[PDB]
Amino acid sequence: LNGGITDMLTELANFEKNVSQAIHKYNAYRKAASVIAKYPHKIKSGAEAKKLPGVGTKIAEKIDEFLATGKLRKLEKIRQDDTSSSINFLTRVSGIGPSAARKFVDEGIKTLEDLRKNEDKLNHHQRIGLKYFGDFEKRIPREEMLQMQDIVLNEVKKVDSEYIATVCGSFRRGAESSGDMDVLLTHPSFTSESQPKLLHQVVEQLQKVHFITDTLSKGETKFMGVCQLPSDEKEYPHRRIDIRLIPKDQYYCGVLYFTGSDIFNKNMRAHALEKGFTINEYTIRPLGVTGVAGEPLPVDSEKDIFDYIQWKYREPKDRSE
DNA sequence: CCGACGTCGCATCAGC
DNA sequence: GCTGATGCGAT
DNA sequence: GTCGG
Ligand SMILES: [Mg+2]
Ligand SMILES: [Mg+2]
Ligand code: NA
Ligand code: NA
């Protein structure tokens, strides 16, 4: 329908974020690319697009140009630019954002090769991003995700049978593949102000059984790293895994948010707002007579939240929006 | 015309 | 050495 | 870049 338009907008989005360092323009282009991707008609003019929320004058004009010529002069130019295309490209390495990408490129470090020759200039996260550059862009079929979940539940329950662990993200919604694995962890000993080894013990056991292979970051509540399923057949790609330790009374807010989708949480938070409730990742709080958030409300399941805002409990599988 | 546009854990930097 | 700022990746 | 107070 409109793939050349949404690809153009997304390509424009990356340059804003990665090259121009204009995060708000990057979000503007993505919002336009979104509303256009969900629009069930081949767009015939910019004015037609201008009607969607998030498509403004400049994007209307760009669609017009793309439609008359099949390209954008500005995009063609930026694509052929050595500095800018390299800056944009290097940011595909996890841990290299717009600012590290610019410094590298300033000093002639432009490709994954140049990064290979220059490990001493790279921090821990950046080497791991480089090391698994290829793997980190592969998707994870559900079947692998299920084997990954097997290992995670087994090993956590093994460390202490009173842990509760839930694998969230698109996997929880029954998606056919996933980009990474997001595990939320709680324990009856952990509430609000309340060991700082409850997370460490889990990471430890999963390294012990060679499931977790590398660490990007780890503190007392959040872990970010890499894992790989065990292999005379072909080895599995290395995967991103995050592990979060959330207090008991915030756990179900956490589970809901990190189940997504993006848009579902958008809509739900919005519907929530009009019923005079505000839901963040931690709490659901009732907005008082003048806009004052009061106390976090007691929550013991996902359903509890869904009740408060008089919404119908939704299965994770119907949470695209 | 002009400000908002998400918010925060962790790693690491800049400054004292 | 410590403190607060900044960069990054993110439902 | 778009929106909206
Ligand atoms: Mg026990
Ligand atoms: Mg994730
Ligand atoms: Na519009
Ligand atoms: Na990156």
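Per chain, numbering begins at 1; letters A, B, ... match sequence-line order.
Between A:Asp135 and A:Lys138 there is a salt bridge, since a side-chain N of the basic residue sits under 4.0 Å from a carboxylate O of the acidic one. Ion pair A:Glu76/A:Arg79 flagged as a salt bridge, since at least one NZ, NE, NH1 or NH2 atom sits closer than 4.0 Å to an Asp/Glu carboxylate oxygen.
For C:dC8 and B:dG6, the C1' atoms lie 15 Å apart once the distance is rounded to whole Å.
With a heavy-atom cut-off of 4.0 Å to chain A, the contacted part of DNA chain D has its first and last nucleotide at D:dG1 to D:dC3.
Of the listed residues (A:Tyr308, A:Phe306, A:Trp311), just one forms a ring pair (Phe, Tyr, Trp, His ring centres under 6.0 Å) with A:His271, and that residue is A:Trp311. The side-chain contact (heavy atoms from CB on, under 4.5 Å) test with A:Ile151 is passed by exactly one of A:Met148, A:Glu155, A:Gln147: A:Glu155.
Qualifying salt bridge (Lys or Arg N to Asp or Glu O under 4.0 Å) partners for A:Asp182, counting only residues two or more places apart in sequence or in other chains: A:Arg244.
Looking at A:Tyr39 and A:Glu48, their side chains do bring a donor and an acceptor atom within 3.5 Å of each other.
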Take A:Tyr132 and A:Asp214 through the side-chain contact (heavy atoms from CB on, under 4.5 Å) test and state the conclusion after the steps. CA-CA 11 Å; A:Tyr132 301 115; A:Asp214 298 278; 2.5 Å; yes

Between A:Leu199 and A:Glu220, is a side-chain contact (heavy atoms from CB on, under 4.5 Å) present by the stated rule, with each step listed? CA-CA 6 Å; A:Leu199 172 56; A:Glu220 337 181 86; over 6 Å; no

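The CZ atom of A:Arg116 sits 12.5 Å away from atom CD of A:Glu119, with the distance rounded to the nearest 0.5 Å.
Using a 4.0 Å cut-off on heavy atoms, none of the residues of residues 30-57 of chain A approach DNA chain C. For DNA chain C, the residues of residues 82-109 of chain A within the heavy-atom distance limit of 4.0 Å (strictly under) are A:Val93, A:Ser94, A:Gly95, A:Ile96, A:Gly97, A:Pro98, A:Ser99, A:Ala100, sorted by number.
What separates NZ of A:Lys121 from P of B:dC13 is a distance of 13 Å, to the nearest Å. At whole-Å resolution of the value, CD in A:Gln126 and P in C:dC8 are 8 Å apart. Atom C1' of nucleotide C:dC8 and atom CD1 of A:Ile23 are separated by 11 Å, given to the nearest angstrom.
Note on A:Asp182: only backbone sugar-phosphate atoms sit closer than 4.0 angstrom, heavy atoms only; bases stay farther off. Counting any heavy atom pair closer than 4.0 Å across all strands shown, A:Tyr29 reaches sugar-phosphate atoms only and no base atom.
Figure legend: A:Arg139 and A:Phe171 shown without cation-pi pairing, the cationic atom not lying both under 6.0 angstrom from the six-membered ring centre and within 45 degrees of its axis.
A:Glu295 CD: 12 or fewer foreign heavy atoms inside a 6.0 Å radius. Residue-environment remark: NZ (A:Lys208) stays at or below the threshold of 12 foreign heavy atoms within 6.0 Å.
OP1 or OP2 of C:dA10 lies within a sub-4.0 Å distance of a side-chain N or O belonging to A:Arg240.
Cluster note: A:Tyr282 groups with no other residue, as no ILVMFWY side-chain heavy atom lies under 4.5 Å from it.
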Give the B/S/- string for nucleotides 3-12 of chain B, one per nucleotide from 5' to 3', where a protein heavy atom under 4.0 Å of the base yields B, of only the sugar-phosphate yields S, and otherwise -. --BB-SSSSS

